[PDB]
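Peer 1: Encoded as structure tokens, here's the structure I'll be asking about.
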Amino acid sequence: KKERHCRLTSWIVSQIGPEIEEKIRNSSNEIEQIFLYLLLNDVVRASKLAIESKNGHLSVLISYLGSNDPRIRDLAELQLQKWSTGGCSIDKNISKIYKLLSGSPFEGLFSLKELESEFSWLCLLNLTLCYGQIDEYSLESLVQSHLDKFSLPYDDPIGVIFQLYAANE
Amino acid sequence: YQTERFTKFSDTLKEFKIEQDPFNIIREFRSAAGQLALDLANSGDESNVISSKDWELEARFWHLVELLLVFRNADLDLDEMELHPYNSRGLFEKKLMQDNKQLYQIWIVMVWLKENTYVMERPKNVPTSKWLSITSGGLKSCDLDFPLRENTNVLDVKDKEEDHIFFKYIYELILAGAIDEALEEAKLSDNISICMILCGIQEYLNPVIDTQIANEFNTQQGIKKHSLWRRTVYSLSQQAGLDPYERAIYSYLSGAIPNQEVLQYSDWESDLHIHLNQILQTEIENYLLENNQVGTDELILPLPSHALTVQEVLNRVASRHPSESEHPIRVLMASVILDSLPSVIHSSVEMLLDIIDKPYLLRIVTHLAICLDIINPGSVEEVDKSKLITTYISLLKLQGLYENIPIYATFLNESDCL
Amino acid sequence: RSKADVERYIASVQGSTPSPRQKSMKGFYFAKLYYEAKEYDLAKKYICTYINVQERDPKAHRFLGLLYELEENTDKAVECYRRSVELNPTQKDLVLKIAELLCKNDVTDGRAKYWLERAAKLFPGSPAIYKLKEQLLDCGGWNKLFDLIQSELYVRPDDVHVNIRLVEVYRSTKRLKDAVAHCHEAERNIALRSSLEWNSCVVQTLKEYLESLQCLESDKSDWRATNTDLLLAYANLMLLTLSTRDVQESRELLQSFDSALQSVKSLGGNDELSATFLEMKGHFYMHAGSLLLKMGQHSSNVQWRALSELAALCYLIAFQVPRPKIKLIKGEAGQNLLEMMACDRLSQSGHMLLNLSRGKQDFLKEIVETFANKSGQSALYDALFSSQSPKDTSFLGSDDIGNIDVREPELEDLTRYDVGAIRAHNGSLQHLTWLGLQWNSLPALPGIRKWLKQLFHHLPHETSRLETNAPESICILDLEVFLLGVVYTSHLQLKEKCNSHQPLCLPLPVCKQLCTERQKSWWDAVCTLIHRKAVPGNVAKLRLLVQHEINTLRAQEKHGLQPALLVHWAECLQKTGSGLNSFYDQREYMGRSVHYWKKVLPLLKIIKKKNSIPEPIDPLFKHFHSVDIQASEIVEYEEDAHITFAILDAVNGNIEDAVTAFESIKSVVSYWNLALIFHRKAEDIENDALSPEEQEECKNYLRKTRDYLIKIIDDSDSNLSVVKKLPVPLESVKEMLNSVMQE
């Protein structure tokens, strides 16, 4: 399961690669770049840029992405509720990153679903597959979880294959 | 009454020679000294606070002795661990600590060091929530890294003052081994992100893959890209505009040596602890590199690769704390740590031929020598036992406790002459 | 960014993906940055091209609709929202928007009506829904609008905005008598009385009627009646303005209040108006004192002490004012209201008087001896108002400050003031969390269980169906357990705040939210649910919102409870229950206490060996290392818990094991339990005809009772710390002993 997961996610990163690299080319904000590096499933360069842009704590936090530590998951979500109940202002991309640490980035109450309009469906699916709750789910039911949140274009065949894969039963 | 003391120690020896395992002797010696440490400490002349600390020290010595000799001597050799390359770093760390006794000893010693570390009382009136700067307006982001992204002028003074209280408390807890309490404090004091940082301490294990620990664990845990984590933390530790205790924490976690502002207040024990931690960290990461269980991507930054020897750490920490270093039971502490112990026995023996000036010493060395030859027959030279007991006995006489001299006699035919 | 940053990125992805389809699929992400660079004729064409290839994306379609909204092209913007809505039905907010825009542009078509119906069922009775209902009607007509409001008020009588509109419609037809009439009948509504904007409307519509030609012509009999409501409105409006509004606005409201008081005192008499003036007079000073303390908080230390000195006098004046003559009012509703406010005055001013007097020794005496002088009256008018205003018609300057009691309040009186004033501010968790904190510094504890009984009547102490967390099984225990955490949490949060920078000294209006919005949302939900003022549509949502937290109040799966808070719950319920008289209540509170204990001890054992507790995920009650349990206190809790176990064993019938446990620990509390249970075994068997040998054994128990009560009093009189450990009052222990020995 781990092997298969790693190959799938390396491949998705192969596909979304240029899209995101373009987006990083045009960003004017460092924390957003850090997020985009997480979009390429590159935890280390996110951590590094964080470090460099003087965002050190975040940097540490980032290092958890891809270990599925449920403690960190519920803590990140907690921080998010506390902000989303008062929290006079939190940077738009730090909240996104915390939402990634929450393990349920659309499935949620600070939801990245609106990124539906800014990214390839495959890009977001990468987010579910990499963070998302890897251990608790089978590859199939995980992918299915994601698909349940987003309609794919009828005509797109790589979409179709994911649907047939997730459809299992 | 307190001029009972010798009885207690003598008493323990009685019980041992009479139920005809010897590690209990020392355990009792420890408790005995500790009990006495309490007596002189409670209500006392301020001439007693000194000899009270010399008893607490006494006690710690017996403890250290127990721990190390138990591990070294109760060594009955178990089964070797057979890893594969597919195995997690967690297992390799474990293997390292199993196979390398020299290094596990360092662990034992650090454990002892932590055991005896002071921690402040839990801060009272802690606030409802973090950086509550928010109220002044001006936190555009509520994340720890915001005032790092742009001038620290963002954070209110009182907030910094509280962050100071927190990070200092967490630091003391970390040096004491209280990692669970540190995580509890982080959680409960609305420092979730710092908590999360403290979670990176564990190497990765997966009970499913790393079969040989499918007992201790039911769920994967720990973090796979640890060499990264470690550079990430260390770099964070070097970034200024953080509270000195926070930086201190990250230093300790990265296997590094905390900043001057914090380190200046560390004593022999604290400092020694810091540097053994460094030895240890470095040695593990090297063990992992020699087995290709580190991935090149993670070598973000240079950390030092050359581990000190316990010998050298001791020498340096010594020269950094000469007064403390030279204290006669702490010399024994080091002597035990390096195993050069009969070495020092025979030594302080020849110092009877400014050891007579301090009272605990002549006693301690004698009872230690006794314990040693009990646990390891042959340990201390026959002569040295003779000389030591001879002199201590003559003090049992000077104290007028002839009553309990036969017990000490049970180690020579020289006893004939009493 | 600039124009160059975004138009240079054109060549960035143009050189990475040059085919027309991928060039157009980047249009949305091209348009993403032109919306940020203030380019709307350009951003429009970028998104519109991505829509040419990705015609089924609800996000892109909405984004163009939101962009056509900035362009104010209603026909185009609406259509865009429609496409995003028909693609994805979960976009509720867009169904409102469509309905919102259709009614604003043109109502002639029924399509605007249809979309409004859907918007209503997606947001049951939201504030915007009525707004749209009025907009649609807008397109001589006066009667038509009135019927809408009335039909709307039938099912939504607690809506602030709608009731306001009714007064405005009355005022538009210049039938002000009806405006005040409804205004008066509505001042009985407990919700509206708490609405800042409503009370503001109440103040105006009344004044307008006083000056109105209709007020004089009609009669001078009911003139007094309406005049009373103005003062009441002023009091409520003052309470609210002080909390939300800024320093300037609050002070300004005081002048209108003082003008009204001066204009009213001249009439006097012995009727509702006179009684109202009495109670409102007290409120004035109390709020004025609260107002004073607000200014000083921000100000320097010298002004603080002088202002707090001044405020202390104000609160004192208020507290002194006697309980208003309740019998003297026409109706049951009116008189109960007036008394409710009286309790509120004494309670709020009371705690303030104390918290200010705890600063120094008999600090209160000095305040009166120095500022009770008429010189203080001018120093009060000075600090509060600008001296330019005429000091003759200002009530503050003309009041006869005679014989200030200068007697600190008694706790027992304070408790009954609080309990009677729980319904003062509609039981807002703000109100209770404040009181709970004010009692956090006192040696006597508040009757929380009595507060909740005053709020949710006939809500069982413990629900039979404890197995599930369905919120039909909510119990006064759950609430009692809840408020305890809310206050235990609140105190720690404020403690942390001031540490970075007294917390007790803040008055109720001045301080901000003391609980987390999560906690407040729960209390407001369970309150609306219980009192039956929920919404058929929102019933299921409210119900689930409550359900979410139940499992934590009962320490079930994934409870966000720090061990210290659980222990606090356990002991706080034991001692709460151990002092109760009835068995039903004793059993329940002791049961829950044992329950929470049984959940902590596993944690304490791990903590006993200096390990780490697994920290929570988004806990309901914030964790704190300030109160993290230490090994120094573990053995005590294990002991204190074992008592709680024994107590429940005794109440259930396992006397043998209870005594065996009680006797094991020589604690003052174990005596009162040992004594109380030895006395019962004696009293029942003491006088019936029965074996003489048994009678001697029966007397023997009564002899043990006497001894244990004497051990309590002997150890009690000697040491004060033991007096506080008594599970019941000392005088109660002595009371039993008198009867025990006369037996």
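In the structure tokens, chains take letters A, B, ... by order of appearance, with residues numbered from 1 within each chain and ligands from 1 in the order shown.
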At a cut-off of 6 Å, using only C-alpha atoms, what residues contact segment 90-103 of chain A? Leave out same-chain residues fewer than 5 positions from it and give the result as a list in words.

Peer 2: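 The neighbour list is residues 32, 73, 76, 77, 131, 132 and 133 of chain A; 140, 141 and 142 of chain B.
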
Peer 1: I need the residues in segment 139-221 of chain B that are helix (DSSP H, G or I) according to DSSP; give them as an NGL selection string.

Peer 2: :B and (146-149 or 152-154 or 157-175 or 179-188 or 192-199 or 211-213)

Peer 1: Write out as an MDAnalysis selection string each polymer residue whose atoms come within 8 Å of residue 362 of chain B, counting only C-alpha atoms; drop sequence neighbours fewer than 6 positions from it.

Peer 2: chainID B and resid 355:356 388 392

Peer 1: Under the rule of at most 7 Å, produce a per-residue listing of chain B near chain C: chain, number, name, the closest pair of atoms, and the distance in Å, as CSV, using only C-alpha atoms.

Peer 2:
residue,atom,partner,partner_atom,distance
B:122,CA,C:626,CA,5.5
B:123,CA,C:626,CA,5.0
B:124,CA,C:626,CA,5.0
B:125,CA,C:495,CA,3.8
B:126,CA,C:496,CA,3.2
B:127,CA,C:496,CA,1.8
B:128,CA,C:493,CA,1.7
B:129,CA,C:493,CA,5.4
B:132,CA,C:497,CA,6.3
B:158,CA,C:500,CA,3.3
B:159,CA,C:500,CA,4.6
B:160,CA,C:500,CA,6.9
B:161,CA,C:500,CA,5.4
B:162,CA,C:500,CA,4.6
B:178,CA,C:610,CA,6.5
B:179,CA,C:612,CA,6.0
B:180,CA,C:612,CA,2.3
B:181,CA,C:612,CA,5.1
B:183,CA,C:615,CA,6.6
B:184,CA,C:615,CA,5.7
B:185,CA,C:625,CA,3.7
B:186,CA,C:625,CA,6.8
B:187,CA,C:615,CA,5.5
B:188,CA,C:623,CA,2.5
B:189,CA,C:624,CA,3.8
B:190,CA,C:623,CA,6.7

Peer 1: Select, from A:119, A:64, A:11, A:106, the residue with the minimum atom-to-atom distance to chain C, counting only C-alpha atoms.

Peer 2: A:119

Peer 1: Can you check which residues of chain B have any atom within 7 Å of chain A? Use only C-alpha atoms and format it as a list in words.

Peer 2: residues 134, 139, 140, 141, 142, 144, 145, 148, 149, 192, 193, 196, 197, 221, 223, 224, 229, 232, 233 and 236 of chain B

Peer 1: Of the candidates A:114, A:155, A:42, A:140, which one gets nearest to chain C if we count only C-alpha atoms?

Peer 2: A:114

Peer 1: Counting only C-alpha atoms, which of C:249, C:432, C:512, C:546 gets nearest to residue 480 of chain C?

Peer 2: C:432

Peer 1: Write out as a PyMOL selection string every residue belonging to chain C that has an atom at most 8 Å from any atom of chain A, counting only C-alpha atoms.

Peer 2: chain C and resi 1+5-6+9+12-13+16+28-29+32+56-60+516-518+614-619

Peer 1: Save the residues we just selected, C-alpha atoms, as a PDB file, in the first residue's frame?

Peer 2:
ATOM      1  CA  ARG C   1       2.085  43.660  -7.838  1.00  0.00           C
ATOM      2  CA  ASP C   5       3.877  41.509 -12.786  1.00  0.00           C
ATOM      3  CA  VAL C   6       0.677  40.015 -14.212  1.00  0.00           C
ATOM      4  CA  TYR C   9       3.398  36.009 -16.259  1.00  0.00           C
ATOM      5  CA  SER C  12       5.748  32.559 -18.145  1.00  0.00           C
ATOM      6  CA  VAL C  13       3.055  29.918 -18.687  1.00  0.00           C
ATOM      7  CA  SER C  16       5.283  26.216 -20.446  1.00  0.00           C
ATOM      8  CA  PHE C  28      -9.208  31.415 -14.503  1.00  0.00           C
ATOM      9  CA  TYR C  29      -5.746  31.497 -12.915  1.00  0.00           C
ATOM     10  CA  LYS C  32      -7.163  35.359 -10.580  1.00  0.00           C
ATOM     11  CA  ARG C  56     -18.988  23.245 -15.843  1.00  0.00           C
ATOM     12  CA  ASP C  57     -16.906  24.829 -13.057  1.00  0.00           C
ATOM     13  CA  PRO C  58     -19.180  26.417 -10.413  1.00  0.00           C
ATOM     14  CA  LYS C  59     -16.268  28.446  -9.015  1.00  0.00           C
ATOM     15  CA  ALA C  60     -15.361  30.109 -12.317  1.00  0.00           C
ATOM     16  CA  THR C 516     -14.916  31.079  23.716  1.00  0.00           C
ATOM     17  CA  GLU C 517     -17.399  31.669  20.899  1.00  0.00           C
ATOM     18  CA  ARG C 518     -17.748  27.878  20.811  1.00  0.00           C
ATOM     19  CA  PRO C 614      -1.754  12.885  25.034  1.00  0.00           C
ATOM     20  CA  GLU C 615      -2.746  16.461  24.262  1.00  0.00           C
ATOM     21  CA  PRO C 616      -6.172  17.088  22.721  1.00  0.00           C
ATOM     22  CA  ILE C 617      -7.450  17.946  19.253  1.00  0.00           C
ATOM     23  CA  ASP C 618      -9.268  21.301  19.240  1.00  0.00           C
ATOM     24  CA  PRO C 619     -10.460  20.906  22.852  1.00  0.00           C
TER      25      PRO C 619
END

Peer 1: Find the spatial neighbours of residue 41 of chain A, counting only C-alpha atoms, within a cut-off of 9 Å - ignore same-chain residues fewer than 5 positions away - and output them as an MDAnalysis selection string.

Peer 2: chainID A and resid 9:10 13 36 65:66 126:127 130

Peer 1: Using only C-alpha atoms, which protein or nucleic acid residues come within 7 Å of segment 521-538 of chain C? Drop anything in the same chain fewer than 5 positions from it, and give the result as a PyMOL selection string.

Peer 2: chain C and resi 124+429+545-546

Peer 1: For segment 555-557 of chain C, work out the shell of residues within 9 Å, counting only C-alpha atoms and skipping chain neighbours fewer than 4 positions away, then give it as number ranges by chain.

Peer 2: C: 550-551, 561, 566, 595-596, 599

Peer 1: For the residues selected in the previous step, produce a file with C-alpha atoms as a CSV table (one decimal), in the first residue's frame.

Peer 2:
chain,number,residue,atom,x,y,z
C,550,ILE,CA,-22.4,16.5,25.2
C,551,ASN,CA,-19.8,13.8,24.9
C,561,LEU,CA,-10.7,17.8,29.2
C,566,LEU,CA,-11.9,16.8,35.5
C,595,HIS,CA,-17.6,9.0,37.2
C,596,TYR,CA,-15.2,11.9,36.6
C,599,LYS,CA,-11.8,8.9,34.3

Peer 1: Please report the interatomic distance between atom CA of residue 326 of chain C and atom CA of residue 418 of chain C in Å with one decimal.

Peer 2: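 Going from atom CA of residue 326 of chain C over to atom CA of residue 418 of chain C, I get 18.0 Å.
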